[PDB]
Every structure is written in structure tokens, then in C-alpha cells.
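Just the one chain here, the form deposited in one PDB entry, laid out as C-alpha cells.
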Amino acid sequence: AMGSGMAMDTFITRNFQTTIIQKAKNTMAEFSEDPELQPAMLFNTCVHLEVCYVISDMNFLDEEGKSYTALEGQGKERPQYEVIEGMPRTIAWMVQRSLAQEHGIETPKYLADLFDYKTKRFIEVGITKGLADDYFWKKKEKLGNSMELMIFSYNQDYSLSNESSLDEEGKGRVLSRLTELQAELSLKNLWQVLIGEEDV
């Protein structure tokens, strides 16, 4: 129980790519948060970042706004999305402001997770231990119509502001990853004590 920090630290190392982990550690230390003392926060950041990459790498985009999968596009001579999560927050805000300026659109008040070059919209991603619909409308309160929302729960429910933002195979990649993580956390008795994103 007091070893829950070390158990979560170890879990993180065994369940995520080194690249994912290093970014999350860096963002916590920007908030002057010790990952060793706030392991729940480190886990949540890792999952969030991994989901954003799972959404962004799924398709690529050409000059005229046509999308391709990685296989379809290879050799033709960018990722459909700019990933704003995963970098220091000062650099993140530079990116969001540049993207808005480049495209002649408003700059959202809050920091986005992704930017979709196809629709020219910012996207917020959320992962909840609770009901996705609840979290969705909680974010809507603050965000309004400034961004699209993609909310996923560990319990396989989800809520999307734009249903065409994910095919059923992309949804299945995200949700299956979350289901697998919850099963493992449950087996380690780490699930009940995890503080989800929706309570931060």
C-alpha cells in the first residue's frame, strides 16, 4: 500500500515504451511534481499520450487534403494530426498558437492534445475511469465549441463530438488497450486506488 508508488513505477516501465515514459516524466517535473511521489499522475499521462499517438499515426495526409494509411501512402513523395501533447508546455503553447495563426483560425483558450490538418480543428482527448458521457459534458462546460472532443473510458464506453473522427478499427485499438491495462491493474490490486484523469 505504501509500496504502491514503486509498484506503479515498475508497472509503468513494464507496460509503456521508453519514449512515452520520458515525455510524461518531463511534463510532471514542469509542474514541480515528483513522479516518484505522484505515480497515479504519471500513469494517467502515459496513457493519455499513448492514446493521442494511437489516434495520430492511423492516417497521413497529402496536399489536397486526401488521407492515406501509412501503408497506402508510403513512397508517394504528414501525419493527419499534429500531436501537441508530449512536449513541454511552453513548446506546446508555441505550437498551438502557430497552428492557429497559419490557418487563420481562433486560438483556443485551453491547450489542445491534437490538431487535425484535414478539418483544421483542435482536439481534446480524455480518458476516464468513469462514464465517458459524464466526462464529455464536464469538458464541454469549459471548452464550448473551441475544440472537438474524443473521450474514452476503461469500461469500453466512449463519446465523440465527431463520429467520423475514428473508424471502428481505430476505436478498437484504443479501447482494447484500455481494457488490457485495467485487467492487469486489477490483478495487481492497483485499479481501485488509481486516481483517474476525471478527478484531477
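Residue indices: 1-based, along the sequence shown.
Just so you know, the form solved in complex with a partner chain exists too; it's not on screen, but the next bit is about it.
K.L.:
Only one of 57, 133, 30, 167 comes within 4.5 Å of the partner chain in the entry with it bound by heavy atoms, so just point that one out.
P.N.:
Spelling it out, the residue with a heavy atom inside the cut-off is 57.
K.L.:
Among 12, 190, 20, 178, which has at least one heavy atom within 4.5 Å of the partner chain in the entry with it bound?
P.N.:
Looking at the other structure, the residue within range turns out to be 20.
K.L.:
Looking at 137-145, 33-41, 46-54, 153-161, which lies within 4.5 angstroms of the partner chain in the entry with it bound, counting heavy atoms?
P.N.:
Single hit among the candidates: 46-54.
K.L.:
Is it the case in the entry with it bound that 111, 123 and 125 each bring at least one heavy atom within 4.5 Å of the partner chain?
P.N.:
No: none of 111, 123 and 125 comes within 4.5 Å of the partner chain in the entry with it bound.
K.L.:
Even though the partner chain is not shown here, does residue 79 get within 4.5 Å of it in the entry with it bound, heavy atoms only?
P.N.:
Residue-level check for residue 79: yes, a contact with the partner chain.
K.L.:
Using a 4.5 Å heavy atom cut-off, state whether residue 173 contacts the partner chain in the entry with it bound.
P.N.:
Heavy-atom contact with the partner chain at 4.5 Å: present for residue 173.
K.L.:
In the entry with it bound, is there a heavy atom of the partner chain that lies within 4.5 Å of any heavy atom of residue 105, even though the partner is absent here?
P.N.:
Judged by the heavy-atom cut-off of 4.5 Å, residue 105 is well away from the partner chain in the entry with it bound.
K.L.:
Does the partner chain get within 4.5 angstroms of any non-hydrogen atom of residue 101 in the entry with it bound?
P.N.:
Residue-level check for residue 101: no, no contact with the partner chain.
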